[PDB]
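Here we start with a single chain on its own, the form solved without the DNA, put down as structure tokens.
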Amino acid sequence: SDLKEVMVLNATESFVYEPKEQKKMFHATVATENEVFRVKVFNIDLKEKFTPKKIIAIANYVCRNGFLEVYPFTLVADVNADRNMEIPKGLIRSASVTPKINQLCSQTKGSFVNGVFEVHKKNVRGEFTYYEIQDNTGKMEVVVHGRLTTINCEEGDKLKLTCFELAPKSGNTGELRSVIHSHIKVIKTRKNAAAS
């Protein structure tokens, strides 16, 4: 949990993760030359620091659930042009690799998951919406509740998921569940998309 100098890879928009108090955050992915870190940023004013390709020094963050959490008390500082980090392309690509469904749904232990998944079917059941996602290894379900039930995602669209919890279930029945920090970007097929 020491000071880290990292290159910013990507960041989401800021969004409200807790509607009643309108608490906001954004997710970011950053890298040293050896490792990629998933970052939850709870001070939205840091959006500018979190520009991709910028190098920043972060310290006094909190490590929780495999994420670095950045709060107002966290140090985030611009690092100069002197540094000039080379982040191996393979490492950067490792940031974007989507886990395989057959491995996910067979997990015996929970974890938090990011990835892009194609939606096969959608079943809205009350306050929960179930998406059956599929890849070449099989199919499983993504379950969302709360604010994420309003997203517009239809068969053939992809869910780009950030911070979903894998909840193990016996029989390779494990499922991805939205949690307080979950974020979805829907990638719509040309067929389903708005057009002009």
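A residue's number is simply how far along the shown sequence it sits, counting from 1.
Student: Test of understanding: from the entry's C-alpha B-factors, which stretch has the higher mean, 30-38 or 164-172?
Tutor: On average, C-alpha B-factors are higher across 164-172.
Student: Quick check: 131-139 versus 54-62, which has the larger average CA B-factor in the record?
Tutor: Stretch with the greater average CA B-factor: 131-139.
Student: Please work out which residue in 116, 79, 113, 75 has the highest C-alpha B-factor recorded for this crystal structure.
Tutor: By C-alpha B-factor in the record, 79 ranks first.
Student: If you rank the chain by CA B-factor, which third does residue 69 end up in: lowest, middle or highest?
Tutor: Residue 69: CA B-factor falls in the lowest third of its chain.
Student: For residue 193, does the deposited CA B-factor place it in the lowest, middle or highest third of the chain?
Tutor: Tercile = highest for this residue's CA B-factor.
Omitted from view is the form solved in complex with the DNA, to which the following refers.
Student: Would residue 83 count as a contact of the DNA in the deposited bound form, using a 4.5 angstroms cut-off between non-hydrogen atoms?
Tutor: Heavy-atom contact with the DNA at 4.5 Å: absent for residue 83.
Student: I'd like to check something about residue 136: if you look in the deposited bound form, is any of its heavy atoms closer than or equal to 4.5 Å to a heavy atom of the DNA?
Tutor: Result yes; residue 136 sits at the interface with the DNA in the deposited bound form.
Student: Looking at the partner-bound form in the deposited bound form, is residue 102 within 4.5 Å of the DNA by any heavy atom?
Tutor: Residue 102: yes, in contact with the DNA in the deposited bound form.
Student: Though only this chain appears here, would residue 158 touch the DNA in the deposited bound form if you measure heavy atom gaps against 4.5 Å?
Tutor: Yes - in the deposited bound form, heavy atoms of residue 158 and the DNA come within 4.5 Å of each other.
Student: Given a 4.5 Å cut-off on heavy atoms, tell me which of 104-112, 67-75, 121-129, 86-94 is the interface stretch with the DNA in the deposited bound form.
Tutor: Residues of 86-94 come within 4.5 Å of the partner.
Student: Suppose contact means a heavy atom within 4.5 Å; in the deposited bound form, does that hold for all of 53, 116 and 190 with the DNA?
Tutor: Per the other structure, all of 53, 116 and 190 touch the DNA.
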